[PDB]
Amino acid sequence: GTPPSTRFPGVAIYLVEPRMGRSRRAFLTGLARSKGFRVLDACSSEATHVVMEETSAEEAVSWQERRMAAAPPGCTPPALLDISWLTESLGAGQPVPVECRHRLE
(Lines give C-alpha, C1' and ligand atoms only; values in the text may rest on other atoms or scores of the structure.)
Protein backbone atom coordinates (compact mmCIF):
# COMPACT_ATOMS: atom_id res chain seq x y z
CA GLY A 1 0.00 0.00 0.00
CA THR A 2 2.05 2.90 -1.35
CA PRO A 3 5.10 1.79 0.70
CA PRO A 4 7.31 4.48 -0.95
CA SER A 5 4.95 7.29 -0.06
CA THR A 6 7.10 10.06 -1.51
CA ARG A 7 4.56 11.57 -3.89
CA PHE A 8 6.77 14.27 -5.42
CA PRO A 9 10.38 13.17 -6.23
CA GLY A 10 13.29 15.52 -6.82
CA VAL A 11 13.15 16.88 -3.29
CA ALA A 12 14.55 13.97 -1.28
CA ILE A 13 14.24 14.49 2.47
CA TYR A 14 16.16 12.22 4.83
CA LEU A 15 15.07 12.26 8.47
CA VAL A 16 17.43 11.38 11.32
CA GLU A 17 15.36 8.82 13.23
CA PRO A 18 18.08 8.36 15.95
CA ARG A 19 17.52 12.05 16.69
CA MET A 20 13.86 12.54 15.76
CA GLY A 21 10.75 11.98 17.84
CA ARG A 22 8.52 9.31 16.30
CA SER A 23 5.52 11.48 17.17
CA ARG A 24 6.83 14.41 15.12
CA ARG A 25 8.25 12.12 12.44
CA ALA A 26 4.92 10.47 11.63
CA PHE A 27 3.38 13.94 11.81
CA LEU A 28 5.68 15.43 9.16
CA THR A 29 5.69 12.17 7.21
CA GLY A 30 1.98 11.82 6.50
CA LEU A 31 1.87 15.55 5.78
CA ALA A 32 4.96 15.95 3.57
CA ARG A 33 3.62 13.00 1.60
CA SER A 34 0.28 14.72 1.07
CA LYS A 35 1.94 18.09 0.46
CA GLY A 36 4.44 17.17 -2.23
CA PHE A 37 7.72 16.00 -0.72
CA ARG A 38 9.72 12.82 -1.22
CA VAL A 39 10.50 10.99 2.02
CA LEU A 40 14.03 9.68 1.54
CA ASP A 41 14.70 6.69 3.81
CA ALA A 42 17.44 4.08 4.26
CA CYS A 43 21.15 4.70 3.68
CA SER A 44 20.84 6.50 0.34
CA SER A 45 22.97 9.44 -0.83
CA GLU A 46 20.16 10.42 -3.19
CA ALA A 47 18.90 12.57 -0.31
CA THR A 48 19.21 16.34 -0.73
CA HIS A 49 17.72 17.52 2.56
CA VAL A 50 18.91 16.31 5.96
CA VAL A 51 16.51 17.54 8.64
CA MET A 52 16.81 16.60 12.32
CA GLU A 53 15.06 17.49 15.58
CA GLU A 54 16.83 19.10 18.56
CA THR A 55 20.19 19.32 16.81
CA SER A 56 22.82 22.06 16.95
CA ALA A 57 25.37 23.03 14.31
CA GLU A 58 28.29 20.72 15.13
CA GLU A 59 25.68 18.19 16.26
CA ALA A 60 24.41 17.81 12.69
CA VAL A 61 27.86 18.27 11.17
CA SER A 62 29.17 15.25 13.07
CA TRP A 63 26.16 13.35 11.76
CA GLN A 64 27.05 14.47 8.24
CA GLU A 65 30.49 12.93 8.67
CA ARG A 66 28.86 9.70 9.83
CA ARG A 67 26.63 9.74 6.75
CA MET A 68 29.50 10.33 4.34
CA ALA A 69 31.40 7.55 6.10
CA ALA A 70 28.65 5.15 5.05
CA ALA A 71 28.57 6.56 1.52
CA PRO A 72 31.27 6.00 -1.17
CA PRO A 73 34.01 8.71 -1.07
CA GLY A 74 32.99 11.06 -3.85
CA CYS A 75 29.26 11.40 -3.30
CA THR A 76 28.13 15.01 -2.99
CA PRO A 77 26.79 15.64 0.56
CA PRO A 78 23.09 16.66 0.90
CA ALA A 79 21.83 19.93 2.36
CA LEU A 80 22.58 19.68 6.08
CA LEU A 81 19.99 21.74 7.96
CA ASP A 82 17.33 21.81 10.69
CA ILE A 83 13.83 20.32 10.69
CA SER A 84 12.51 23.89 10.74
CA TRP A 85 12.86 23.82 6.95
CA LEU A 86 10.37 20.98 6.47
CA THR A 87 7.78 22.40 8.89
CA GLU A 88 7.61 25.72 7.03
CA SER A 89 7.76 23.85 3.72
CA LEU A 90 4.60 22.01 4.78
CA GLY A 91 2.88 25.25 5.70
CA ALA A 92 3.44 26.74 2.26
CA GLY A 93 2.85 23.40 0.57
CA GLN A 94 6.05 23.71 -1.46
CA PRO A 95 9.86 23.34 -1.03
CA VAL A 96 10.74 26.81 0.24
CA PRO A 97 14.22 28.21 -0.60
CA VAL A 98 16.50 27.14 2.24
CA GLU A 99 18.32 30.06 3.86
CA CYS A 100 21.55 30.17 5.84
CA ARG A 101 19.28 30.31 8.88
CA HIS A 102 17.94 26.76 8.63
CA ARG A 103 21.26 25.68 7.15
CA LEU A 104 23.00 26.36 10.47
CA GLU A 105 25.51 23.61 9.63
# chains A, B, ... in the order shown; residues from 1 in each chain; ligands from 1

$ closest_atom_pairs --of "segment 46-81 of chain A" --to "segment 89-95 of chain A" --cutoff "12 Å" --atoms "only C-alpha atoms" --output "JSON lines"
{"residue": "A:48", "atom": "CA", "partner": "A:95", "partner_atom": "CA", "distance": 11.7}
{"residue": "A:49", "atom": "CA", "partner": "A:95", "partner_atom": "CA", "distance": 10.4}
{"residue": "A:51", "atom": "CA", "partner": "A:89", "partner_atom": "CA", "distance": 11.9}

$ residues_around --residues "residue 77 of chain A" --least-positions-apart "3" --cutoff "10 Å" --atoms "only C-alpha atoms" --output "list in words"
residues 45, 46, 47, 48, 49, 50, 64, 65, 67, 68, 71, 74 and 80 of chain A

$ select_by_dssp --residues "segment 23-102 of chain A" --states "helix (DSSP H, G or I)" --output "ChimeraX atom specification"
/A:23-35,57-70,84-92

$ closest_residue --among "A:42, A:11, A:86, A:52" --to "residue 29 of chain A" --atoms "only C-alpha atoms"
A:86

$ closest_residue --among "A:70, A:83, A:32, A:104" --to "residue 58 of chain A" --atoms "only C-alpha atoms"
A:104

$ atom_distance --atom1 "atom CA of residue 40 of chain A" --atom2 "atom CA of residue 55 of chain A"
19.1 Å

$ residues_around --residues "residue 36 of chain A" --least-positions-apart "3" --cutoff "6 Å" --atoms "only C-alpha atoms" --output "JSON, numbers by chain"
{"A": [7, 8, 32, 33]}

$ closest_residue --among "A:23, A:66, A:39, A:31" --to "residue 9 of chain A" --atoms "only C-alpha atoms"
A:39

$ select_by_dssp --residues "chain A" --states "strand (DSSP E or B)" --output "tab-separated table (two decimals) with N, CA, C and O atoms, in the first residue's frame"
chain	number	residue	atom	x	y	z
A	12	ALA	N	14.35	15.07	-2.22
A	12	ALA	CA	14.55	13.97	-1.28
A	12	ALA	C	14.85	14.50	0.12
A	12	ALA	O	15.76	15.30	0.30
A	13	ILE	N	14.06	14.05	1.09
A	13	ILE	CA	14.24	14.49	2.47
A	13	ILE	C	14.54	13.32	3.40
A	13	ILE	O	13.68	12.46	3.63
A	14	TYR	N	15.76	13.28	3.92
A	14	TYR	CA	16.16	12.22	4.83
A	14	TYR	C	16.03	12.68	6.28
A	14	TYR	O	16.59	13.71	6.66
A	15	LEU	N	15.28	11.92	7.07
A	15	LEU	CA	15.07	12.26	8.47
A	15	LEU	C	15.97	11.43	9.38
A	15	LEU	O	16.13	10.22	9.17
A	38	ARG	N	9.25	14.20	-1.21
A	38	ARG	CA	9.72	12.82	-1.22
A	38	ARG	C	10.41	12.47	0.10
A	38	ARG	O	11.36	13.14	0.50
A	39	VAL	N	9.92	11.43	0.76
A	39	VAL	CA	10.50	10.99	2.02
A	39	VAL	C	11.63	10.00	1.78
A	39	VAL	O	11.40	8.80	1.62
A	40	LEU	N	12.86	10.51	1.76
A	40	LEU	CA	14.03	9.68	1.54
A	40	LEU	C	14.37	8.89	2.80
A	40	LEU	O	14.61	9.46	3.86
A	49	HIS	N	18.19	16.73	1.44
A	49	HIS	CA	17.72	17.52	2.56
A	49	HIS	C	17.76	16.72	3.86
A	49	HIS	O	16.90	15.88	4.10
A	50	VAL	N	18.76	17.00	4.69
A	50	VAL	CA	18.91	16.31	5.96
A	50	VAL	C	18.36	17.15	7.11
A	50	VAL	O	19.01	18.09	7.57
A	51	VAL	N	17.16	16.81	7.55
A	51	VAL	CA	16.51	17.54	8.64
A	51	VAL	C	16.47	16.69	9.91
A	51	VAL	O	16.12	15.51	9.87
A	52	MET	N	16.82	17.30	11.04
A	52	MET	CA	16.81	16.60	12.32
A	52	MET	C	16.24	17.47	13.43
A	52	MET	O	16.31	18.70	13.38
A	79	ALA	N	21.96	18.67	1.66
A	79	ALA	CA	21.83	19.93	2.36
A	79	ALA	C	21.61	19.71	3.85
A	79	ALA	O	20.49	19.42	4.28
A	80	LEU	N	22.67	19.85	4.64
A	80	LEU	CA	22.58	19.68	6.08
A	80	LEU	C	21.89	20.89	6.71
A	80	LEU	O	22.38	22.02	6.60
A	81	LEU	N	20.74	20.66	7.34
A	81	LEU	CA	19.99	21.74	7.96
A	81	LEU	C	19.10	21.24	9.10
A	81	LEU	O	19.18	20.08	9.51
A	82	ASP	N	18.24	22.13	9.59
A	82	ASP	CA	17.33	21.81	10.69
A	82	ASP	C	15.95	21.42	10.17
A	82	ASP	O	15.60	21.71	9.03

$ closest_residue --among "A:30, A:97, A:18, A:78" --to "residue 53 of chain A" --atoms "only C-alpha atoms"
A:18

$ closest_residue --among "A:10, A:5, A:103, A:20" --to "residue 34 of chain A" --atoms "only C-alpha atoms"
A:5

$ decode --residues "segment 71-95 of chain A" --atoms "N, CA and C atoms" --output "PDB file, in the first residue's frame"
ATOM      1  N   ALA A  71      28.687   6.377   2.958  1.00  0.00           N
ATOM      2  CA  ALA A  71      28.569   6.563   1.517  1.00  0.00           C
ATOM      3  C   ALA A  71      29.943   6.522   0.846  1.00  0.00           C
ATOM      4  N   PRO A  72      30.008   6.079  -0.427  1.00  0.00           N
ATOM      5  CA  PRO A  72      31.272   5.999  -1.167  1.00  0.00           C
ATOM      6  C   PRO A  72      31.952   7.363  -1.294  1.00  0.00           C
ATOM      7  N   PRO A  73      33.262   7.452  -0.978  1.00  0.00           N
ATOM      8  CA  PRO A  73      34.009   8.713  -1.066  1.00  0.00           C
ATOM      9  C   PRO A  73      33.926   9.332  -2.457  1.00  0.00           C
ATOM     10  N   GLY A  74      33.149  10.399  -2.573  1.00  0.00           N
ATOM     11  CA  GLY A  74      32.988  11.065  -3.851  1.00  0.00           C
ATOM     12  C   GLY A  74      31.564  11.526  -4.067  1.00  0.00           C
ATOM     13  N   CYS A  75      30.664  11.039  -3.217  1.00  0.00           N
ATOM     14  CA  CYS A  75      29.257  11.399  -3.301  1.00  0.00           C
ATOM     15  C   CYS A  75      29.019  12.774  -2.690  1.00  0.00           C
ATOM     16  N   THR A  76      28.413  13.665  -3.467  1.00  0.00           N
ATOM     17  CA  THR A  76      28.125  15.011  -2.993  1.00  0.00           C
ATOM     18  C   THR A  76      27.200  14.975  -1.778  1.00  0.00           C
ATOM     19  N   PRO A  77      27.595  15.619  -0.662  1.00  0.00           N
ATOM     20  CA  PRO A  77      26.785  15.638   0.559  1.00  0.00           C
ATOM     21  C   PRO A  77      25.496  16.440   0.388  1.00  0.00           C
ATOM     22  N   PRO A  78      24.383  15.972   0.986  1.00  0.00           N
ATOM     23  CA  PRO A  78      23.093  16.663   0.897  1.00  0.00           C
ATOM     24  C   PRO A  78      23.094  17.972   1.672  1.00  0.00           C
ATOM     25  N   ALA A  79      21.961  18.665   1.657  1.00  0.00           N
ATOM     26  CA  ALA A  79      21.834  19.933   2.362  1.00  0.00           C
ATOM     27  C   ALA A  79      21.606  19.715   3.855  1.00  0.00           C
ATOM     28  N   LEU A  80      22.671  19.852   4.637  1.00  0.00           N
ATOM     29  CA  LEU A  80      22.583  19.684   6.084  1.00  0.00           C
ATOM     30  C   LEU A  80      21.888  20.890   6.706  1.00  0.00           C
ATOM     31  N   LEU A  81      20.745  20.656   7.345  1.00  0.00           N
ATOM     32  CA  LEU A  81      19.990  21.742   7.960  1.00  0.00           C
ATOM     33  C   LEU A  81      19.096  21.243   9.095  1.00  0.00           C
ATOM     34  N   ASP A  82      18.242  22.135   9.595  1.00  0.00           N
ATOM     35  CA  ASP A  82      17.334  21.813  10.691  1.00  0.00           C
ATOM     36  C   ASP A  82      15.952  21.419  10.175  1.00  0.00           C
ATOM     37  N   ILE A  83      15.179  20.764  11.036  1.00  0.00           N
ATOM     38  CA  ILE A  83      13.833  20.317  10.693  1.00  0.00           C
ATOM     39  C   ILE A  83      12.887  21.499  10.478  1.00  0.00           C
ATOM     40  N   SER A  84      13.325  22.686  10.887  1.00  0.00           N
ATOM     41  CA  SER A  84      12.514  23.891  10.743  1.00  0.00           C
ATOM     42  C   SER A  84      12.214  24.177   9.275  1.00  0.00           C
ATOM     43  N   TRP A  85      13.038  23.625   8.389  1.00  0.00           N
ATOM     44  CA  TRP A  85      12.856  23.815   6.954  1.00  0.00           C
ATOM     45  C   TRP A  85      11.620  23.070   6.464  1.00  0.00           C
ATOM     46  N   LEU A  86      11.490  21.816   6.881  1.00  0.00           N
ATOM     47  CA  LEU A  86      10.366  20.984   6.472  1.00  0.00           C
ATOM     48  C   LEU A  86       9.043  21.545   6.987  1.00  0.00           C
ATOM     49  N   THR A  87       8.994  21.860   8.279  1.00  0.00           N
ATOM     50  CA  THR A  87       7.782  22.400   8.892  1.00  0.00           C
ATOM     51  C   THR A  87       7.210  23.556   8.076  1.00  0.00           C
ATOM     52  N   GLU A  88       8.039  24.562   7.810  1.00  0.00           N
ATOM     53  CA  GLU A  88       7.606  25.717   7.032  1.00  0.00           C
ATOM     54  C   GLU A  88       7.258  25.307   5.605  1.00  0.00           C
ATOM     55  N   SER A  89       8.000  24.337   5.074  1.00  0.00           N
ATOM     56  CA  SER A  89       7.759  23.849   3.720  1.00  0.00           C
ATOM     57  C   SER A  89       6.374  23.222   3.623  1.00  0.00           C
ATOM     58  N   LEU A  90       5.918  22.640   4.730  1.00  0.00           N
ATOM     59  CA  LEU A  90       4.603  22.013   4.777  1.00  0.00           C
ATOM     60  C   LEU A  90       3.518  23.079   4.863  1.00  0.00           C
ATOM     61  N   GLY A  91       3.828  24.169   5.561  1.00  0.00           N
ATOM     62  CA  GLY A  91       2.877  25.254   5.705  1.00  0.00           C
ATOM     63  C   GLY A  91       2.572  25.930   4.383  1.00  0.00           C
ATOM     64  N   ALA A  92       3.602  26.107   3.560  1.00  0.00           N
ATOM     65  CA  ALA A  92       3.440  26.744   2.260  1.00  0.00           C
ATOM     66  C   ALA A  92       3.006  25.730   1.206  1.00  0.00           C
ATOM     67  N   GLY A  93       3.231  24.452   1.496  1.00  0.00           N
ATOM     68  CA  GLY A  93       2.854  23.399   0.569  1.00  0.00           C
ATOM     69  C   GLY A  93       3.816  23.273  -0.596  1.00  0.00           C
ATOM     70  N   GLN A  94       5.036  23.768  -0.412  1.00  0.00           N
ATOM     71  CA  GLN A  94       6.052  23.712  -1.459  1.00  0.00           C
ATOM     72  C   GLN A  94       7.452  23.852  -0.862  1.00  0.00           C
ATOM     73  N   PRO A  95       8.476  23.264  -1.514  1.00  0.00           N
ATOM     74  CA  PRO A  95       9.862  23.337  -1.034  1.00  0.00           C
ATOM     75  C   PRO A  95      10.395  24.764  -1.033  1.00  0.00           C
TER      76      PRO A  95
END
